[PDB]
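Form deposited in one PDB entry, single chain, as structure tokens, below.
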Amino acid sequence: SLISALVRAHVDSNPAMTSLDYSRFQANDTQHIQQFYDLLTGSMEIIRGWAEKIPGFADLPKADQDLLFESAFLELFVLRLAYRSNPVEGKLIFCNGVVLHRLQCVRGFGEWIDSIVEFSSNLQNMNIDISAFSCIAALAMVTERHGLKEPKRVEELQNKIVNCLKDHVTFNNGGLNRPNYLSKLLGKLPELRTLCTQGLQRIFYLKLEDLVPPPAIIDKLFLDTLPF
């Protein structure tokens, strides 16, 4: 039930891997930077829709919803990108269907893009099925955050998702041949958070470069993702 709801949410908020845009894809500045910004802001509405489809999420104080969302947006944008992309081939696929190459992105994302592809690769070598990934993505947002009004409520939804993930992995001796798979899975969240600090560094860099000022929406993003 919950797992099915988590999977539908994922499916409904992701591009059909049979409806991808390769118009500007080529495995061969101010232009690539603004693009970096667009991609980020473009996924904001997509991921927000996804969050609203997480059972129990709409039952949290609206204030707690925006706090959870905003604090995890970047992590969510990167985890989703990492899961649907083809690391080996260096093909990046965004929440909107656009497909760029690891090299075309390096001009906008910076060397961070290389850190992302590496994460994408480690993530895929874990062979995470759609159900386990749908739980993990939800766990990246439904987690403890400073400033929460209903921290106990967040913790309850969190534990419900981990339990849902645990049953999926251990049902009928599903864990026998993958001992700490559940632990390795959860372990990807702190790695993801560490990974996203470089996204903040990049945004800071572009702001100090003052070659192309970040939009208020992203300037805002910088502050919401800021751990402190």
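Shifts are known only where both forms have a C-alpha. Each form is matched to the other, and the largest set of C-alpha atoms that superpose within 1.5 Å is called the rigid core. Numbers for residues come from their place in the sequence shown, where the first is 1.
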Q: Pick one of none, 1 to 3, 4 to 9 or 10 or more for the number of deposited-sequence residues not modelled between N28 and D29.
A: 4 to 9
Q) 136-144 versus 80-88: which one carries the higher mean Cα B factor per the record? A) 80-88
Q: Look over 100-108 and 126-134 in the entry and identify the one with the greater average Cα temperature factor.
A: 100-108
Q) When you compare the CA B-factors of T197, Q35, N177, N163 as listed in the entry, which one comes out on top? A) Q35
Q: Comparing against every modelled residue in the chain, figure out the third that the C-alpha B-factor of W50 lands in (lowest, middle or highest).
A: lowest
Q) So where's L2 on the chain's Cα temperature factor ranking, which third? A) middle
Q: Could you look up the Cα B-factor of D59 in the entry and say which third of the chain it sits in: lowest, middle or highest?
A: highest
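Absent from the display: the form deposited in another entry. The rest refers to it.
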Q. For the list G49, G175, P190, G42, which one shows a CA move of 2 Å or more between the shown form and the other one after the core is fit?
A. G175
Q | Distance direction in the other form for the C-alpha atoms of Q124 and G175, relative to the displayed form (3 angstroms or more) | A | farther
Q) What happens to the Cα distance from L157 to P179 in the other form: does it get closer or farther than here, with a change of 3 angstroms or more? A) closer
Q) Mind listing the moving segments between the shown form and the other one, meaning three or more residues in a row, each Cα shifted 2 angstroms or more, core aligned? A) 171-179, 223-228
